[PDB]
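Just one chain follows, in the form deposited in one PDB entry, and it is written as structure tokens.
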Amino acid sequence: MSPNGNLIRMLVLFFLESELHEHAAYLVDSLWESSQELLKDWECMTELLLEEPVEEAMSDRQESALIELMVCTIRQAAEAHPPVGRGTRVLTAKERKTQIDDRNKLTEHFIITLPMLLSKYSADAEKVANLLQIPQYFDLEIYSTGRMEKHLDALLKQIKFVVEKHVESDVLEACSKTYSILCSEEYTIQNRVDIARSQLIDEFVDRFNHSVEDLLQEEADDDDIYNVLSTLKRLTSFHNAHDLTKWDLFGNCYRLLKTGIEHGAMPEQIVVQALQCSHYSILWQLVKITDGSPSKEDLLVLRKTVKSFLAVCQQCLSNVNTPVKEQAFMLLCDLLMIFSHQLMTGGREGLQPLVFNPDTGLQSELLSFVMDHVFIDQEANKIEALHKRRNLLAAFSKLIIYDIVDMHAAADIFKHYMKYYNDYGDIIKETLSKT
């Protein structure tokens, strides 16, 4: 009770204090065979996280680490296998029965306690993003079965408070994903969650629209800027997993971008988000068209929307801020692959009017960005900036392979930037072997 509390408080200290386990998941996995009973005392963990003290209270850092370990125990219990990168996986009767029982215990426990956890820690971005990894392990049928509707409501209240208070992309993404899980995966509760979701979206679309109008009619305020960006972020996050085309967000995103090109003064993050949001709108428009039976004018309205957006992305390569160039570049490399002739696979030759071929100017501009922003002269931020430039080249590499850009001008660039490996590498190679 308070016994298991001490073992857990110390487990959390050994985790934070030594460098013997870098990853919470690996710590948990390695103790799993020996300490499952302790590691599934979730009642004890939520008690530790939610009680007020007597002596000696937990620190912010230790609270975070307890939340992180708790979530790993929830995963491991629900999946009944070691984590990603510790696997090798057939269960006995008793392991299968333990899994079912564990899922039942954790679902009941956390339906009740996750809203309490979110309430308490609501302002802490990192913690709330961790806590929001829990619902994915829920046996969601239990929200009907336990006459547990009051607790579904509580989670939704608490998710709504989180989205309203936070702009971090991890938080918003976690929120978006949690609505997803709550909806589509049990009919009973689908309708209740859909209502909360669309009310939430409605409120943010109204605030976004008012702010877009404020900003574009106006000289322009730090508040006007903040209101556009802050609301645009929430909507951009949700627009990936949720089809928000019913609200015409492409149109206002488009004006923001067109104004930024014209007068040169749209703040970089507004441009980046606006690009992202438009892209998600377009992808969702495309899905409705693939899955439907689309008319001639349906296709040509989508085409016009896509040509205007490709045009904006092209224009945005010349934005001073390199985060905008990179976003435009990624979107060009995505969209030029999606609205290539690939689109006419699977008896879908009706889509031909949606096919785009990048002009010569654009292919050249897409060559320049590689030259200037992949292949660059000159801690942790630099291994991450490398993978980013890798992905940028990698998305460009797809266009080369299907001759969507000039494959020859591209290889010429790859020749130029590999020269020192061709001209001296054999000599460097053998030199380095003998040391």
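Residue positions are given as counts along the sequence shown, with the first one as 1. C-alpha atoms forming the largest set that superposes within 1.5 Å between two forms make up the rigid core.
Omitted here: the form deposited in another entry. The next part is about that form.
Trainee: Note yes or no: does the Cα of residue 421 move by 2 Å or more between this form and the one not shown after the core is superposed?
Mentor: Passes the 2 Å threshold, so yes.
Trainee: Superpose on the rigid core, then tell me if the C-alpha of residue 20 is displaced by 2 angstroms or more between this form and the one not shown.
Mentor: Result for residue 20: yes, a 2 Å-plus shift.
Trainee: Out of closer and farther, which fits the Cα atoms of residue 370 and residue 420 in the other entry compared with this form, where the change is 3 Å or more?
Mentor: Residue 370 and residue 420 sit closer together in the other entry.
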